[PDB]
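*Asks:* structure, please.
(2 chains)
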Amino acid sequence: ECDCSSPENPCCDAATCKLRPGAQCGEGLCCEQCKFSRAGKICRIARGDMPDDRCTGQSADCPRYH
Amino acid sequence: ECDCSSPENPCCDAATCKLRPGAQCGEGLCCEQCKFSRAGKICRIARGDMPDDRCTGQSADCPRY
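*Replies:* Numbers count the residues shown, from 1 in each chain, chains lettered A, B, ... in the order given. Provided below are the atomic coordinates:
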């Protein structure tokens, strides 16, 4: 299938709809110019006692903190 | 802003549409019963000279390696 949901997304090669050379991602709160965000970048402000969600340094999603 | 895109998803509390207690995810190739898949679980079969995509153990998406 495709690495980018949209054919407009320049993070993917138009021909293959796979990520372009160098690229690690095409979308998500932890994607920055087709690269993963640095490990520990805050990606979701938490409320109550909960810790903030942070980037993994190895994926483009913002995960629940673990 | 909900942690699950579907109201039917039992990984999320129906009242808040946030993850249920203990839950880490509700969707994705690296989610297994509302928990993250073990680090290094293969989530995408690669072709040519490329390594396979593996689960991080810290997220529910299957990332590029």
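
*Asks:* residues contacting the residue most central in space within chain A?
*Replies:* Taking Cα atoms, centre = their mean, the centroid of chain A lies closest to residue A:60, which sits 1.9 Å from it. Residues near residue A:60 by Cβ atoms under 8 Å, 6 or more residues apart in numbering or on different chains: A:24, A:25, A:26, A:27, A:28, A:29, A:30, A:31, A:36, A:37, B:61, B:63. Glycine gets a C-beta too; all of them are placed from N, C-alpha and C.

*Asks:* now the third one: how far from chain B?
*Replies:* Using Cβ to the nearest Cβ, to the nearest Å, one obtains 10 Å as the distance from residue A:26 to chain B.

*Asks:* got the contact list for the nearest residue to that residue once chain neighbours are set aside?
*Replies:* In this structure, residue A:26 finds its nearest non-sequential neighbour in residue A:11, 3.3 Å apart by Cβ to Cβ, 6 or more residues apart in numbering or on different chains. Contacts for residue A:11 were tallied using Cβ under 8 Å, 6+ apart; they are A:3, A:4, A:19, A:20, A:23, A:25, A:26, A:27, A:31, A:34.
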